[PDB]
10 protein chains.
Amino acid sequence: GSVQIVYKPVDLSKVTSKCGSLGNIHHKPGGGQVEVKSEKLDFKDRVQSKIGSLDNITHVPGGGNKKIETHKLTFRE
Amino acid sequence: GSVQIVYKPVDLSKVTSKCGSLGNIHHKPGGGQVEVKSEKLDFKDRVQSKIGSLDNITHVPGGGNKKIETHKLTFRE
Amino acid sequence: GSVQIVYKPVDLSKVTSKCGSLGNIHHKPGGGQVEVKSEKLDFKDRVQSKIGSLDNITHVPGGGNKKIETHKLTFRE
Amino acid sequence: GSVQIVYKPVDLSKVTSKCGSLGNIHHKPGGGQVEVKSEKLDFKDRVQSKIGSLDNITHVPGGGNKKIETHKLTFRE
Amino acid sequence: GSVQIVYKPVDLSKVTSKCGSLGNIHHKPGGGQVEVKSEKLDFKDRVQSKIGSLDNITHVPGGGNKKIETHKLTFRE
Amino acid sequence: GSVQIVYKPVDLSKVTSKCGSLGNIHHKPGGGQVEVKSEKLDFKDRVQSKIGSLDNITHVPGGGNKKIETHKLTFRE
Amino acid sequence: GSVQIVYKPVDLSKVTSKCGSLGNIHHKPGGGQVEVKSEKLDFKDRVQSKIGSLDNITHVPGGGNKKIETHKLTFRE
Amino acid sequence: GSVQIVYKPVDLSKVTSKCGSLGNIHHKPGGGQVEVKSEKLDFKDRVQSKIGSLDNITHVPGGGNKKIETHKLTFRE
Amino acid sequence: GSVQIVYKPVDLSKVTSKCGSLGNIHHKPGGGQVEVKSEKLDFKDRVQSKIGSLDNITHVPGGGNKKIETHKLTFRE
Amino acid sequence: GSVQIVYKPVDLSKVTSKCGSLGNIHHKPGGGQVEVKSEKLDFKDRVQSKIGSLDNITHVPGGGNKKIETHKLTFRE
């Protein structure tokens, strides 16, 4: 009982974009107020906690195109 | 009892976009007020918690196109 | 008892869009007030909690096209 | 008792859109008031909770076209 | 007792739309008031809860066309 | 023709008040929205105008007693 | 023709008040939104104008008693 | 024609107040938003204008008693 | 025609107040946003203008008692 | 025609206050945002202008008692 397996995917996808002119942006946040209180903290695993923050972000790329691709093969007996 | 398996997907998808001119944007947030209170905290797994935040974000890409693709093959006996 | 399996999907889909001019946007939020209270917190799994937030977001892409695609094959005996 | 299986779907779908000019938008929210109270919190599974929020969002893409597609094949004995 | 199966769907669907000019929009919400109270909270499954919110959304795409498609084949013995 | 005038008012008025305990007060207003528009403004006198306001006041005195008294005498010929 | 005038008012008024304990007060206003527009402004007199304000006041005196008194005499010929 | 004038007012007024204990006060205002627009401004007199303000005041005296008194005499011929 | 004038007012007024203990006060303002626009400004008199301010005040005296008194005499011929 | 004038006011007013203990005060303001714009400025008189400010004041006296008094006499012919 022999087994033959072939795995030949093919991709030619393209992702493009065009933009002429870009700018003239203003971002003005006026302060804030935050307060937290806690007593016990215990994490034992793949944890990604984040406590008590005040953040301002300006993310302006000229491009901004993303592509994700995964393959997986599993054989058992 | 032999087994033959062929796996040959094909893709030629395209994702494009065009834009002439882009800008002239204003973003002005006026403050806030936040308060939290807790006693016990215990996570043991793939956790993604986030407690007590005040955030402002401006995300202005010129492109902004996304593409996700996954393949999976499993064989058992 | 032999088994023959062929898996040959084909795609040529396209996703495009055009836009001439884009801008002249205003966003002005005037504050707020938030308060939470809790005693016990215990998560042990793939959890995505989020407690006590005050957020402002401006998401203005020039493109903004999305495409999701998945394939899966399972064989058992 | 042999088995023959063929799987050959074909797609040529297209999704497009056009827009000349776009802008001149105003968004002005005037504050609020929120208060929550709880004692016990225990999640153990794929949970997506969200407690006590005050959010403002402006999502203005130039494109905005979406396409979802899934395939699945299962064989048992 | 052999079995022959053929699976060859074909699609050529198209989804388009046109729009000349678009804008001149105002959105002004004047505050609010919310209060919740609870004692016990226990979820163990694929849950999507959301408690105590005050939200404002402006979703103005230039395109806005959507397309969903699924295929499934199951074989048993 | 002589004139005699006597002006001898007498007052012994008293204004008192008692209060044992006082407190435990909450005041939580949730925002608003106001807009005015005008072109011409001309005042020439003892004017006390007030245009376009959003006010919150908490006036909690422990006493709060008031007393007004005026006298006037006029002689002509 | 002689004139005799006597002006002898007498006052013994008292204004008192008592209070045992006083406190435990909360004041939490959640934001707002105001906008005004005008073109011409001309005042020439004892004017007390006030345009375009957003105010919050907490006035908590321990006493708070007030007393006003005026006298006036006028003689003409 | 001689004139005799006597002006002998007498006052013994008292203004008091008592308070045992005083405190435990909270004041938390959450932001705001104000905008004004004008072109011409011309005042020529005793003017007390005030334009475009955002104020927060906490006025907590231990005493707080006030007393106003005026006298005036005028003679003409 | 001789004139005799006597001006002998007498005052013994007292203003007092007592307070045992005083404190435990909190004041937390969370930001703001202000914008003004004007073109012409011309004052020629006793003017007390004030334009475009953002102020926070905490005025906590232990005493706080006030007393105003004026006298005036005018003679003409 | 001789004239006799006597001006003998008498005052014995007292202003006192007592306070046992005083303190434990917090003052925490969280930022702000201010912007002004003007073109012409011309004052020629006793003017007291004040433009474009952001101020924080803590005025905590142990005493705080005030007393104002004026006298005036005018003679004409």
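Residue numbering for chain J follows Swiss-Prot, covering 621-697 in order.
Going by what the header records, the deposited coordinates were determined by electron microscopy, 3.5 Å.
Cβ coordinates are placed from backbone N, Cα and C, and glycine is handled just like the others.
Going by Swiss-Prot, these are the annotated features:
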- J:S622: phosphoserine (MOD_RES)
- J:623-653: repeat 'Tau/MAP 3' (REPEAT)
- J:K628: site 'Not glycated' (SITE)
- J:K628: ubiquitin cross-link (CROSSLNK)
- J:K628: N6-acetyllysine (MOD_RES)
- J:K634: site 'Not glycated' (SITE)
- J:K634: ubiquitin cross-link (CROSSLNK)
- J:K634: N6-acetyllysine (MOD_RES)
- J:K638: site 'Not glycated' (SITE)
- J:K638: ubiquitin cross-link (CROSSLNK)
- J:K638: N6-acetyllysine (MOD_RES)
- J:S641: phosphoserine (MOD_RES)
- J:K648: site 'Not glycated' (SITE)
- J:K648: ubiquitin cross-link (CROSSLNK)
- J:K648: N6-acetyllysine (MOD_RES)
- J:654-685: repeat 'Tau/MAP 4' (REPEAT)
- J:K657: site 'Not glycated' (SITE)
- J:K660: site 'Not glycated' (SITE)
- J:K660: ubiquitin cross-link (CROSSLNK)
- J:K660: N6-acetyllysine (MOD_RES)
- J:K664: glycation site (CARBOHYD)
- J:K664: ubiquitin cross-link (CROSSLNK)
- J:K664: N6-acetyllysine (MOD_RES)
- J:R666: omega-N-methylarginine (MOD_RES)
- J:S669: phosphoserine (MOD_RES)
- J:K670: glycation site (CARBOHYD)
- J:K670: ubiquitin cross-link (CROSSLNK)
- J:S673: phosphoserine (MOD_RES)
- J:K686: glycation site (CARBOHYD)
- J:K686: ubiquitin cross-link (CROSSLNK)
- J:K686: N6-acetyllysine (MOD_RES)
- J:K687: site 'Not glycated' (SITE)
- J:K692: site 'Not glycated' (SITE)
- J:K692: ubiquitin cross-link (CROSSLNK)
Long-range Cβ list for J:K687 (site 'Not glycated'), cut-off under 8 Å, min separation 6+ in sequence, same chain only, gives J:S633, J:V635
Report the nearest neighbour of J:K638 (site 'Not glycated') in space among the recorded positions J:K664, J:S669, J:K670, J:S673, J:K692, comparing Cα positions. J:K692
Can you see whether DSSP assigns J:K660 (site 'Not glycated') to helix, strand or coil? coil
Considering only the recorded positions J:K634, J:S641, J:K648, J:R666, J:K692, which residue has the minimal Cα-Cα separation from J:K657 (site 'Not glycated')? J:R666
CA-CA, which of the recorded positions J:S622, J:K648, J:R666, J:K692 lies nearest J:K660 (site 'Not glycated')? J:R666
Work through the recorded positions one by one (J:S622, J:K628, J:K664, J:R666, J:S669) and name whichever has its CA nearest to the CA of J:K648 (site 'Not glycated'). J:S669
Which state, by DSSP, holds J:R666 (omega-N-methylarginine): helix, strand or coil? coil
Rounded to the nearest angstrom, how far is the Cα of J:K634 (site 'Not glycated') from the Cα of J:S641 (phosphoserine)? 23
Give the distance between the Cα atoms of J:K664 (glycation site) and J:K628 (site 'Not glycated'), rounded to the nearest whole Å. 41
Give the number of CB atoms, excluding that of J:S673 (phosphoserine) itself, located within 10 Å of its CB. 14
When the Cα of J:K686 (glycation site) is compared with the Cα of each of the recorded positions J:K628, J:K634, J:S669, J:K692, which one is closest? J:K634
Please state whether DSSP places J:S673 (phosphoserine) in a helix, a strand or coil. strand
In DSSP terms, the repeat 'Tau/MAP 3' (J:623-653) comprises 0 helix, 15 strand, 16 coil
